[PDB]
Every structure is written in C-alpha cells, then in structure tokens.
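Colleague: File name input_25.txt; file contents compact mmCIF, C-alpha atoms and all ligand atoms; full text below.
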# COMPACT_ATOMS: atom_id res chain seq x y z
CA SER D 82 13.71 92.18 83.06
CA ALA D 83 15.49 94.15 85.77
CA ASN D 84 14.04 92.05 88.60
CA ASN D 85 14.56 88.31 88.22
CA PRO D 86 12.79 86.72 91.23
CA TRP D 87 15.57 84.16 91.73
CA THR D 88 18.66 86.37 91.72
CA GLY D 89 20.04 86.88 95.23
CA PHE D 90 17.95 84.08 96.76
CA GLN D 91 18.54 80.53 97.93
CA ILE D 92 15.84 78.14 96.73
CA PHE D 93 14.18 76.08 99.46
CA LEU D 94 14.44 72.36 98.67
CA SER D 95 11.18 70.44 99.13
CA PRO D 96 11.54 68.00 102.06
CA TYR D 97 8.56 66.06 100.69
CA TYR D 98 10.18 65.48 97.31
CA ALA D 99 13.40 64.96 99.25
CA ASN D 100 11.69 62.22 101.27
CA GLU D 101 10.27 60.61 98.13
CA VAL D 102 13.69 60.72 96.47
CA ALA D 103 15.52 59.33 99.50
CA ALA D 104 13.12 56.39 99.76
CA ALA D 105 13.36 55.83 96.00
CA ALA D 106 17.16 55.98 95.88
CA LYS D 107 17.61 53.31 98.52
CA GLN D 108 15.55 50.90 96.37
CA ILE D 109 17.75 51.45 93.30
CA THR D 110 20.03 48.44 93.37
CA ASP D 111 22.93 49.54 91.18
CA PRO D 112 25.12 51.58 93.56
CA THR D 113 26.29 54.21 91.06
CA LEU D 114 22.73 54.92 89.94
CA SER D 115 21.48 54.99 93.55
CA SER D 116 23.89 57.81 94.46
CA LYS D 117 22.88 59.81 91.37
CA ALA D 118 19.23 59.29 92.34
CA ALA D 119 19.82 60.47 95.91
CA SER D 120 21.38 63.68 94.58
CA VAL D 121 18.09 64.60 92.87
CA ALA D 122 16.99 65.72 96.34
CA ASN D 123 19.43 68.66 95.99
CA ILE D 124 17.70 69.91 92.81
CA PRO D 125 14.94 72.47 93.46
CA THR D 126 11.38 71.60 92.46
CA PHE D 127 7.97 73.21 92.83
CA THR D 128 5.54 72.15 95.58
CA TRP D 129 2.07 71.47 94.19
CA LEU D 130 -0.74 72.84 96.34
CA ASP D 131 -3.18 70.49 94.65
CA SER D 132 -5.66 70.44 97.55
CA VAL D 133 -6.46 72.32 100.77
CA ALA D 134 -4.79 69.40 102.55
CA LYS D 135 -1.44 70.68 101.18
CA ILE D 136 -1.76 74.14 102.78
CA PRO D 137 -0.34 73.12 106.20
CA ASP D 138 2.71 71.80 104.34
CA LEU D 139 3.13 75.25 102.74
CA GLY D 140 3.17 76.82 106.19
CA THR D 141 5.89 74.45 107.35
CA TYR D 142 7.99 75.15 104.24
CA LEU D 143 7.77 78.93 104.72
CA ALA D 144 8.75 78.66 108.39
CA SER D 145 11.58 76.22 107.64
CA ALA D 146 12.88 78.45 104.85
CA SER D 147 12.83 81.48 107.15
CA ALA D 148 15.00 79.61 109.68
CA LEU D 149 17.38 78.11 107.09
CA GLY D 150 17.99 81.58 105.70
CA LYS D 151 18.90 82.98 109.10
CA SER D 152 21.17 79.97 109.75
CA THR D 153 23.08 80.41 106.46
CA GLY D 154 22.91 84.19 105.89
CA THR D 155 20.70 83.71 102.81
CA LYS D 156 17.34 85.04 101.63
CA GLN D 157 15.16 82.03 100.85
CA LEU D 158 12.63 81.39 98.09
CA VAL D 159 9.76 78.86 98.18
CA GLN D 160 8.37 77.55 94.86
CA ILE D 161 4.67 76.62 94.69
CA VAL D 162 2.00 75.63 92.19
CA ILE D 163 -1.55 76.89 92.68
CA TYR D 164 -3.59 73.95 91.33
CA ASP D 165 -7.09 73.54 92.74
CA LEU D 166 -9.62 75.10 90.36
CA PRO D 167 -13.22 73.93 90.51
CA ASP D 168 -13.90 71.50 87.64
CA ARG D 169 -10.14 71.26 87.27
CA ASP D 170 -8.60 69.90 84.05
CA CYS D 171 -11.76 70.47 82.06
CA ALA D 172 -10.59 68.72 78.86
CA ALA D 173 -9.15 65.66 80.60
CA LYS D 174 -10.96 62.35 80.64
CA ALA D 175 -10.52 62.38 84.42
CA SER D 176 -9.55 64.91 87.08
CA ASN D 177 -8.54 64.65 90.73
CA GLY D 178 -9.66 68.16 91.73
CA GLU D 179 -11.63 68.31 95.02
CA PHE D 180 -13.82 71.29 94.05
CA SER D 181 -16.74 71.40 91.63
CA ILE D 182 -18.49 74.38 90.07
CA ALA D 183 -21.85 72.87 91.02
CA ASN D 184 -20.93 72.72 94.75
CA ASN D 185 -19.97 76.34 95.54
CA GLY D 186 -16.71 75.98 93.66
CA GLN D 187 -15.96 79.70 93.50
CA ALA D 188 -16.32 80.29 97.25
CA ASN D 189 -14.39 77.11 98.05
CA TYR D 190 -11.52 78.09 95.75
CA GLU D 191 -11.48 81.61 97.20
CA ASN D 192 -11.18 80.10 100.65
CA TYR D 193 -8.29 77.90 99.43
CA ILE D 194 -6.53 81.06 98.20
CA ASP D 195 -7.35 82.88 101.44
CA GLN D 196 -5.74 80.09 103.47
CA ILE D 197 -2.61 80.24 101.29
CA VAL D 198 -2.43 84.04 101.60
CA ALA D 199 -2.85 83.74 105.37
CA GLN D 200 0.21 81.47 105.54
CA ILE D 201 2.36 83.59 103.22
CA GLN D 202 1.49 86.78 105.13
CA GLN D 203 3.15 85.38 108.28
CA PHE D 204 6.63 84.93 106.72
CA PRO D 205 7.53 88.20 104.98
CA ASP D 206 11.26 87.43 104.93
CA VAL D 207 10.63 84.47 102.58
CA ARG D 208 10.08 85.07 98.87
CA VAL D 209 7.44 82.99 97.08
CA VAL D 210 7.21 82.18 93.37
CA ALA D 211 3.93 80.64 92.21
CA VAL D 212 2.89 78.96 88.97
CA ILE D 213 -0.81 79.75 88.54
CA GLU D 214 -3.11 76.85 87.58
CA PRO D 215 -1.56 74.48 85.04
CA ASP D 216 -4.04 73.07 82.54
CA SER D 217 -6.56 75.92 82.95
CA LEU D 218 -6.36 79.11 80.85
CA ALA D 219 -4.81 77.23 77.92
CA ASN D 220 -8.06 75.26 77.63
CA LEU D 221 -9.94 78.54 77.22
CA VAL D 222 -7.89 79.26 74.10
CA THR D 223 -8.25 76.01 72.16
CA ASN D 224 -10.80 73.83 73.97
CA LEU D 225 -13.98 75.90 74.25
CA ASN D 226 -15.64 73.19 72.09
CA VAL D 227 -15.18 70.86 75.08
CA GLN D 228 -18.44 71.36 76.93
CA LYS D 229 -16.88 70.99 80.39
CA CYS D 230 -14.43 73.76 79.44
CA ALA D 231 -17.12 76.03 77.96
CA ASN D 232 -19.13 75.60 81.16
CA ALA D 233 -16.04 76.21 83.33
CA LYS D 234 -14.83 79.32 81.48
CA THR D 235 -16.31 81.97 83.77
CA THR D 236 -15.23 80.05 86.89
CA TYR D 237 -11.66 79.54 85.67
CA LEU D 238 -11.39 83.24 84.84
CA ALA D 239 -12.90 84.38 88.14
CA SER D 240 -10.87 81.95 90.24
CA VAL D 241 -7.56 82.68 88.51
CA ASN D 242 -8.35 86.38 88.90
CA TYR D 243 -8.95 85.90 92.63
CA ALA D 244 -5.64 84.05 92.99
CA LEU D 245 -3.65 86.69 91.11
CA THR D 246 -5.31 89.61 92.89
CA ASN D 247 -4.92 88.22 96.39
CA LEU D 248 -1.49 86.61 96.10
CA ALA D 249 -0.23 89.96 94.78
CA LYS D 250 -1.25 91.53 98.11
CA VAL D 251 1.42 89.41 99.84
CA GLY D 252 4.06 90.04 97.19
CA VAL D 253 4.09 86.62 95.51
CA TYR D 254 5.88 86.55 92.15
CA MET D 255 3.52 84.83 89.72
CA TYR D 256 3.78 83.09 86.36
CA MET D 257 0.45 82.06 84.80
CA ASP D 258 0.51 78.63 83.20
CA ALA D 259 0.58 78.98 79.42
CA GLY D 260 0.70 75.45 78.06
CA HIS D 261 3.59 74.64 75.74
CA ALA D 262 4.74 75.09 72.15
CA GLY D 263 2.49 72.27 70.89
CA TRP D 264 -0.57 73.74 72.59
CA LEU D 265 -0.48 77.56 72.40
CA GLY D 266 2.68 77.92 70.30
CA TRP D 267 0.98 77.05 67.02
CA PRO D 268 1.19 80.40 65.17
CA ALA D 269 -2.60 80.59 64.86
CA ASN D 270 -3.05 80.17 68.64
CA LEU D 271 -0.53 82.88 69.60
CA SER D 272 -2.81 85.90 69.23
CA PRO D 273 -5.88 84.32 70.91
CA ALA D 274 -3.57 83.26 73.74
CA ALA D 275 -2.04 86.73 74.07
CA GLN D 276 -5.51 88.28 74.10
CA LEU D 277 -6.69 85.98 76.89
CA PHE D 278 -3.59 86.34 79.09
CA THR D 279 -3.69 90.12 78.64
CA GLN D 280 -7.35 90.25 79.70
CA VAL D 281 -6.50 88.19 82.79
CA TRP D 282 -3.55 90.47 83.62
CA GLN D 283 -5.75 93.57 83.17
CA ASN D 284 -8.51 92.17 85.38
CA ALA D 285 -5.97 91.54 88.15
CA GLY D 286 -4.84 95.17 88.00
CA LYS D 287 -1.64 94.70 85.98
CA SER D 288 0.21 94.03 89.24
CA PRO D 289 4.03 94.07 88.79
CA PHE D 290 4.06 90.78 90.73
CA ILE D 291 2.36 89.14 87.72
CA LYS D 292 5.68 88.58 86.00
CA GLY D 293 4.57 86.53 83.04
CA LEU D 294 3.99 82.95 82.01
CA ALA D 295 5.17 79.41 82.76
CA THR D 296 5.56 76.95 79.89
CA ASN D 297 6.06 73.22 79.43
CA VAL D 298 4.77 72.52 82.96
CA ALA D 299 4.49 68.76 83.43
CA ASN D 300 5.47 68.31 79.79
CA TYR D 301 8.51 67.11 77.85
CA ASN D 302 9.33 69.63 75.11
CA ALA D 303 12.84 70.85 74.46
CA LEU D 304 13.68 74.42 75.34
CA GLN D 305 15.99 74.50 72.29
CA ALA D 306 15.76 71.36 70.17
CA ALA D 307 18.73 70.09 68.19
CA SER D 308 16.24 69.22 65.42
CA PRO D 309 12.43 69.27 65.39
CA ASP D 310 10.73 66.34 67.08
CA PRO D 311 8.57 64.59 64.43
CA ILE D 312 5.50 65.17 66.62
CA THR D 313 5.79 68.89 65.76
CA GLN D 314 5.17 68.69 62.00
CA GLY D 315 3.13 71.64 60.81
CA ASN D 316 4.21 73.92 63.70
CA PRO D 317 7.26 76.12 63.06
CA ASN D 318 7.41 76.68 66.83
CA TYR D 319 8.75 73.21 67.59
CA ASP D 320 10.34 73.99 70.96
CA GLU D 321 9.73 76.31 73.89
CA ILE D 322 12.18 79.01 72.79
CA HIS D 323 10.38 79.40 69.46
CA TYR D 324 7.04 79.58 71.29
CA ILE D 325 8.25 82.18 73.79
CA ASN D 326 10.05 84.27 71.15
CA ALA D 327 6.78 84.40 69.20
CA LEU D 328 4.41 85.10 72.11
CA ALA D 329 6.45 87.59 74.17
CA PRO D 330 6.19 90.54 71.71
CA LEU D 331 2.40 90.22 71.59
CA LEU D 332 2.29 90.65 75.37
CA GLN D 333 4.76 93.55 75.19
CA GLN D 334 2.40 95.46 72.86
CA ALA D 335 -0.32 95.33 75.53
CA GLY D 336 1.98 97.04 78.04
CA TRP D 337 2.99 93.77 79.74
CA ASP D 338 6.72 93.19 79.25
CA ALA D 339 6.26 89.61 80.35
CA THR D 340 8.97 87.15 81.31
CA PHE D 341 8.83 83.39 81.37
CA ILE D 342 9.86 80.26 83.20
CA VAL D 343 10.18 76.88 81.46
CA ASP D 344 9.85 73.42 83.01
CA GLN D 345 12.67 71.12 81.88
CA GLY D 346 12.34 68.50 84.62
CA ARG D 347 11.36 65.75 82.16
CA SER D 348 12.89 67.16 78.96
CA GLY D 349 16.23 65.34 78.90
CA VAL D 350 15.07 62.89 76.22
CA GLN D 351 13.41 64.16 73.04
CA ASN D 352 11.62 62.19 70.32
CA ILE D 353 9.79 59.87 72.74
CA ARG D 354 6.16 60.63 71.87
CA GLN D 355 3.90 59.30 69.14
CA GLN D 356 1.61 62.35 69.18
CA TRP D 357 2.41 65.76 70.64
CA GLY D 358 -0.65 65.71 72.90
CA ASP D 359 0.37 62.51 74.72
CA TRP D 360 1.14 63.80 78.20
CA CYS D 361 0.84 60.92 80.68
CA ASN D 362 3.93 59.15 82.08
CA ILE D 363 5.75 59.26 78.76
CA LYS D 364 8.04 56.24 78.59
CA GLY D 365 11.78 56.87 78.44
CA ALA D 366 11.68 60.43 79.76
CA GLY D 367 14.86 61.67 81.40
CA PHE D 368 15.59 64.49 83.80
CA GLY D 369 16.52 67.58 81.78
CA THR D 370 18.48 70.79 82.24
CA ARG D 371 18.83 71.63 85.93
CA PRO D 372 17.09 74.80 87.16
CA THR D 373 19.10 77.92 86.36
CA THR D 374 18.72 81.57 85.50
CA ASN D 375 21.24 80.94 82.68
CA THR D 376 18.43 80.53 80.19
CA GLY D 377 19.79 81.70 76.84
CA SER D 378 16.93 84.16 76.32
CA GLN D 379 16.00 87.75 77.12
CA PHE D 380 12.48 86.51 77.85
CA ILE D 381 13.24 83.65 80.24
CA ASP D 382 13.93 84.29 83.93
CA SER D 383 14.59 80.65 84.79
CA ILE D 384 14.65 77.09 83.66
CA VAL D 385 12.74 75.31 86.44
CA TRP D 386 11.59 71.84 87.51
CA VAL D 387 7.88 72.40 88.07
CA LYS D 388 6.39 68.92 87.83
CA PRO D 389 8.31 66.60 90.19
CA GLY D 390 9.71 63.64 88.32
CA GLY D 391 8.71 60.26 89.69
CA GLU D 392 5.18 61.16 90.80
CA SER D 393 2.75 59.33 88.52
CA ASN D 394 0.64 61.53 86.27
CA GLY D 395 -2.22 59.02 86.40
CA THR D 396 -3.09 55.36 86.60
CA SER D 397 -3.05 53.03 83.60
CA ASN D 398 -5.74 50.89 85.28
CA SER D 399 -8.97 51.25 83.29
CA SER D 400 -11.07 50.12 86.28
CA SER D 401 -10.10 53.14 88.38
CA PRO D 402 -12.73 55.91 88.58
CA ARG D 403 -9.86 58.36 87.98
CA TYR D 404 -8.72 56.55 84.82
CA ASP D 405 -7.71 58.70 81.85
CA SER D 406 -7.04 56.59 78.76
CA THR D 407 -4.12 58.86 77.83
CA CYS D 408 -2.27 56.97 80.58
CA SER D 409 -2.54 53.63 78.75
CA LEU D 410 -1.33 54.78 75.31
CA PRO D 411 1.61 52.88 73.76
CA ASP D 412 4.00 55.71 74.70
CA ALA D 413 2.81 55.77 78.34
CA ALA D 414 4.84 53.77 80.87
CA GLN D 415 2.66 50.98 82.23
CA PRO D 416 1.56 49.66 84.59
CA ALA D 417 1.33 53.07 86.25
CA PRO D 418 -0.14 53.82 89.69
CA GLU D 419 -2.68 56.47 90.69
CA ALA D 420 -1.82 60.12 90.09
CA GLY D 421 0.43 61.56 92.78
CA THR D 422 1.65 58.20 94.02
CA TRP D 423 5.29 57.29 93.55
CA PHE D 424 6.21 55.51 90.29
CA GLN D 425 9.55 53.93 91.17
CA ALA D 426 10.46 52.44 87.79
CA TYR D 427 9.70 55.76 86.08
CA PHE D 428 11.95 57.60 88.53
CA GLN D 429 14.79 55.15 88.00
CA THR D 430 14.61 55.72 84.25
CA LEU D 431 14.43 59.51 84.72
CA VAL D 432 17.75 59.15 86.58
CA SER D 433 19.34 56.73 84.12
CA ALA D 434 18.29 58.80 81.09
CA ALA D 435 19.11 62.22 82.57
CA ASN D 436 20.57 64.66 80.07
CA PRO D 437 22.81 66.31 81.10
CA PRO D 438 23.81 63.26 83.16
CA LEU D 439 23.50 63.50 86.92
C1 LIG Y 1 -7.68 48.65 89.28
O1 LIG Y 1 -8.98 49.37 89.56
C2 LIG Y 1 -9.92 48.52 90.29
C3 LIG Y 1 -11.10 49.40 90.66
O2 LIG Y 1 -10.65 50.54 91.33
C4 LIG Y 1 -9.32 47.86 91.53
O3 LIG Y 1 -10.15 46.77 91.92
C5 LIG Y 1 -10.79 47.10 93.17
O4 LIG Y 1 -9.81 47.34 94.29
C6 LIG Y 1 -10.50 47.71 95.53
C7 LIG Y 1 -9.49 47.73 96.65
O5 LIG Y 1 -8.30 48.32 96.19
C8 LIG Y 1 -11.65 46.75 95.89
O6 LIG Y 1 -12.43 47.33 96.93
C9 LIG Y 1 -12.55 46.44 94.71
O7 LIG Y 1 -13.48 45.40 95.08
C10 LIG Y 1 -11.74 45.99 93.55
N1 LIG Y 1 -12.61 45.67 92.36
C11 LIG Y 1 -12.25 44.51 91.52
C12 LIG Y 1 -13.10 44.16 90.31
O8 LIG Y 1 -11.31 43.86 91.78
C13 LIG Y 1 -7.95 47.27 91.31
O9 LIG Y 1 -7.35 47.00 92.59
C14 LIG Y 1 -7.04 48.18 90.56
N2 LIG Y 1 -5.76 47.45 90.22
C15 LIG Y 1 -4.46 48.05 90.54
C16 LIG Y 1 -3.17 47.32 90.20
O10 LIG Y 1 -4.41 49.11 91.07
In structure tokens, how does this file's structure come out?
Ligand SMILES: *[C@@H]1O[C@H](CO)[C@@H](O[C@@H]2O[C@H](CO)[C@@H](O)[C@H](O)[C@H]2NC(C)=O)[C@H](O)[C@H]1NC(C)=O
Modeller:
Amino acid sequence: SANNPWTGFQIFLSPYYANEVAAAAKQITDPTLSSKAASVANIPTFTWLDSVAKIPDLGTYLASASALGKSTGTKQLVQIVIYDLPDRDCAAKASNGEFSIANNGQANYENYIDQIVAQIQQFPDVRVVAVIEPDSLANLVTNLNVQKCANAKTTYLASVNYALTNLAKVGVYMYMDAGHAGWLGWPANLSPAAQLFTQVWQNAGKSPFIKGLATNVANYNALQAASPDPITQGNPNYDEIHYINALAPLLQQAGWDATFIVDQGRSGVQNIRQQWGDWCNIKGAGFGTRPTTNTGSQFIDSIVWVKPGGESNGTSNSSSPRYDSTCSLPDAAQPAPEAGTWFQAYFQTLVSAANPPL
C-alpha cells in the first residue's frame, strides 16, 4: 500500500527483552556465541501486553521512545501485542489469561483497552503498531466445535471490536492476528476466514488504521519455503507467502485492500515439527529473517519478530495447573519452565541455529 507504517520511522527496541537478552548472553559460555546472543538486543521485537500489569511498561516505552526520537532526530515506533481477551486461548488445554467471561470479562477487557488508549493518547509524536489478539479470531473460523470457543465467540468478537474501534481513535496501526498457513491457509478455510475478518473490519467502521492481518505469530512457518515441510501434506499453501497470496484478494473484494505482517522470529529452521499443530517450544528452532520492509511481496508491509524468542511458551511439567500437554510432545524442548519465564537453553539454540546467521 501507499502507507507502510514502518517507513520513515525508527523502531523502539524493547528494554525488557533487551534486559532478558543481556542476562542470557552473559550465561552463554562460548565467547563467540555470547556476542551473537547479546546482539539480539538490537533486533526489534513486539511487547506483549498480556495483562493489565504490563500497561505501565507501555507508558514508559512510549515516553522513552519520544525522548530517543528527539535525541536522534528520528520519529519512533513502538510495537505492541494486544493479548488479554476474557477466556483467552479458548482451544488450548490451558490459558494464562487473567480475565474470564463469567466474571465481567467484557467490562474488564474494555477497561484494559481504555488504560492502553489513555497511555497512547499522551504521546502523539510516537507511532504505535499493534497486533490484535493472537489465538482468538482464528479459533472462530475452525474451532467452533470446541465448546469453550463456541461460548467465547460473542465475547471475542465484541472485545476485539472494542480494541479496534478505540485504538483507532488514537491512530494506532493495527494488524489482526490471522493464524498461519497451516491454520487458516488451508484452501477450504480461506473464504470462512475472509468472511469473519471482513465482518470484524466492518463492525469497527472500516478504519484506515486497520491495515490488515498478522500471520505466523508465535509460530515457525517459512515465509517462502525452499521445499514444502512434510507437516504440510494436503495443503497447497505450505508457507506464509502462499497463504497471504491466497487470502489477500478475498479481502480486496470486500473493499479492504489489506496488507500483512509476518512473524519470522523463530522460522530460521524448517522441518522441525512432527505435526503442523505442534506449537509449544519446538525443539531446534532458530532465529529467522530479521525484521525488514524488504518482504518480497506486494501484500506484506514487514517481516517482524512478534513472539520474543527465549520466553517459554509453556511448562512441560504436568503437575502445574497451567500445564498444556502440547508442551511435553516429543518435538517440544523439555524440561521447559512456565510460560513467560526465560528458557535459557532454548534461547542459546535459537542463537546457534539462527538462519541467516547472527
Ligand atoms: C511441577 O508442578 C508442581 C505443582 O505445581 C510443583 O510442585 C509443587 O511446588 C510448589 C512450590 O513451587 C509447592 O508448594 C508444592 O507443594 C509442590 N507440590 C509437589 C507434589 O511437590 C513442582 O515444583 C513443579 N516442578 C518444576 C521443575 O517446576
């Protein structure tokens, strides 16, 4: 499109991820690998606002970005993930979301959005790009047979709508999460997905700030695979470019000339999964293509690193109340600590296996 949110901006580098990376790098014993690991702190990632407790951090990042821009003559851009739906992750065996539909989820989520908007409103010289609710709308395409998802459908739609409508009022550029090629990219899922995303876009007023969709968030697919990963058999859309090329024209027909961003933060190593749906701490993952607007596609505004590499996707300990058995599969790195906590061995392998190399 004419307006790529990243062009002309300096991306703000997360100091939190930077702090995690710095602490991790000093524990890597091989000196050459340690220096490569430390440099990961210079690679832009998205900040996950996975609870209300993260909102004060957002405020600090906006204010810091505003000052860094003035100190360097740059316009700064802060990258965030909106990730706090009530009954979050409806199809997962376990979820860490703090809100529940049964306990005023809609009002609590609205207040979470209001607090985020109130921060963003104070720093108008900082641009914000937001990924909207990973692991939400995609469940409403394929997983309505999951009772928790069926029962969450109206709340997910209302809450996502509230986020889109209100973040647009402060000029946030937004990409709705849209799963990945092995979820919504199956040819038979493309039209139901397009119909749902279009309805969501319409309900939020077709705001020009709703730029399009984010794909492969927290996943491992290639953007453009050298050859199809065996997990993809049966799906001609075996990588993200095939998925996006197939979905984008369906959105165009609705009047939404959508553009896309694609997570490649853990895509450096292909052919590491037994089944396509295995998502938790996949063993042998490597850092992938660094964020760039040089995407190879008319539809793709940026390759991005949405999910921060090194933060555990979930514990492998079956005695934890947050245990999801996906995290103990044979292709999941184990033992793995609780979701969000640092997984040092996994980070070291992400560095060692990076492709392109760091
Ligand atoms: C695996 O999960 C279990 C349950 O969460 C953990 O065992 C408990 O740990 C807490 C303190 O961390 C104690 O209050 C409980 O009494 C423990 N229960 C038992 C049966 O030991 C266990 O620590 C976890 N293991 C790892 C490596 O995280």
Colleague: Got a sec to check which residues lie within 9 Å of ligand LIG 1 (chain Y), using all atoms listed in the file, and send them as a ChimeraX atom specification?
Modeller: /D:396-404,416-419
Colleague: Find the residues of range 266-329 of chain D that sit at most 6 Å from range 341-365 of chain D; for each, write down the nearest two atoms and how far apart they are in Å, to one decimal. Count only C-alpha atoms. Sort by chain, then by number going up, and give it as a Markdown table.
Modeller:
| residue | atom | partner | partner_atom | distance |
| --- | --- | --- | --- | --- |
| D:293 | CA | D:341 | CA | 5.5 |
| D:294 | CA | D:341 | CA | 4.9 |
| D:295 | CA | D:342 | CA | 4.8 |
| D:296 | CA | D:343 | CA | 4.9 |
| D:297 | CA | D:344 | CA | 5.2 |
| D:298 | CA | D:344 | CA | 5.2 |
| D:301 | CA | D:348 | CA | 4.5 |
| D:302 | CA | D:348 | CA | 5.8 |
| D:303 | CA | D:348 | CA | 5.8 |
| D:310 | CA | D:352 | CA | 5.3 |
| D:312 | CA | D:357 | CA | 5.1 |
Colleague: Check the smallest atom-to-atom distance from each of D:278, D:237, D:290, D:164 to residue 252 in chain D using all atoms listed in the file, then report the winner.
Modeller: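 Result for the nearest residue to residue 252 in chain D: D:290.
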Colleague: Need to verify the contact set: range 85-98 of chain D, 9 Å, all atoms listed in the file, exclusion of same-chain residues closer than 4 positions in sequence. Can you return it as an mmCIF file with C-alpha atoms, in the coordinates of the input?
Modeller:
data_model
loop_
_atom_site.group_PDB
_atom_site.id
_atom_site.type_symbol
_atom_site.label_atom_id
_atom_site.label_comp_id
_atom_site.auth_asym_id
_atom_site.auth_seq_id
_atom_site.Cartn_x
_atom_site.Cartn_y
_atom_site.Cartn_z
ATOM 1 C CA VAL D 102 13.690 60.720 96.470
ATOM 2 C CA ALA D 103 15.520 59.330 99.500
ATOM 3 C CA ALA D 122 16.990 65.720 96.340
ATOM 4 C CA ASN D 123 19.430 68.660 95.990
ATOM 5 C CA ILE D 124 17.700 69.910 92.810
ATOM 6 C CA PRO D 125 14.940 72.470 93.460
ATOM 7 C CA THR D 126 11.380 71.600 92.460
ATOM 8 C CA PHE D 127 7.970 73.210 92.830
ATOM 9 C CA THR D 128 5.540 72.150 95.580
ATOM 10 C CA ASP D 138 2.710 71.800 104.340
ATOM 11 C CA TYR D 142 7.990 75.150 104.240
ATOM 12 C CA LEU D 143 7.770 78.930 104.720
ATOM 13 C CA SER D 145 11.580 76.220 107.640
ATOM 14 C CA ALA D 146 12.880 78.450 104.850
ATOM 15 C CA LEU D 149 17.380 78.110 107.090
ATOM 16 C CA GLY D 150 17.990 81.580 105.700
ATOM 17 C CA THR D 155 20.700 83.710 102.810
ATOM 18 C CA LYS D 156 17.340 85.040 101.630
ATOM 19 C CA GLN D 157 15.160 82.030 100.850
ATOM 20 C CA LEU D 158 12.630 81.390 98.090
ATOM 21 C CA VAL D 159 9.760 78.860 98.180
ATOM 22 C CA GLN D 160 8.370 77.550 94.860
ATOM 23 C CA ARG D 208 10.080 85.070 98.870
ATOM 24 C CA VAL D 209 7.440 82.990 97.080
ATOM 25 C CA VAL D 210 7.210 82.180 93.370
ATOM 26 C CA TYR D 254 5.880 86.550 92.150
ATOM 27 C CA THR D 340 8.970 87.150 81.310
ATOM 28 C CA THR D 373 19.100 77.920 86.360
ATOM 29 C CA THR D 374 18.720 81.570 85.500
ATOM 30 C CA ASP D 382 13.930 84.290 83.930
ATOM 31 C CA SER D 383 14.590 80.650 84.790
ATOM 32 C CA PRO D 389 8.310 66.600 90.190
#
Colleague: Between D:259, D:367, D:330, D:311, which is the closest to residue 433 in chain D once you count all atoms listed in the file?
Modeller: D:367
Colleague: Mind pulling up the distance from CA of residue 429 in chain D to CA of residue 372 in chain D?
Modeller: 19.8 Å
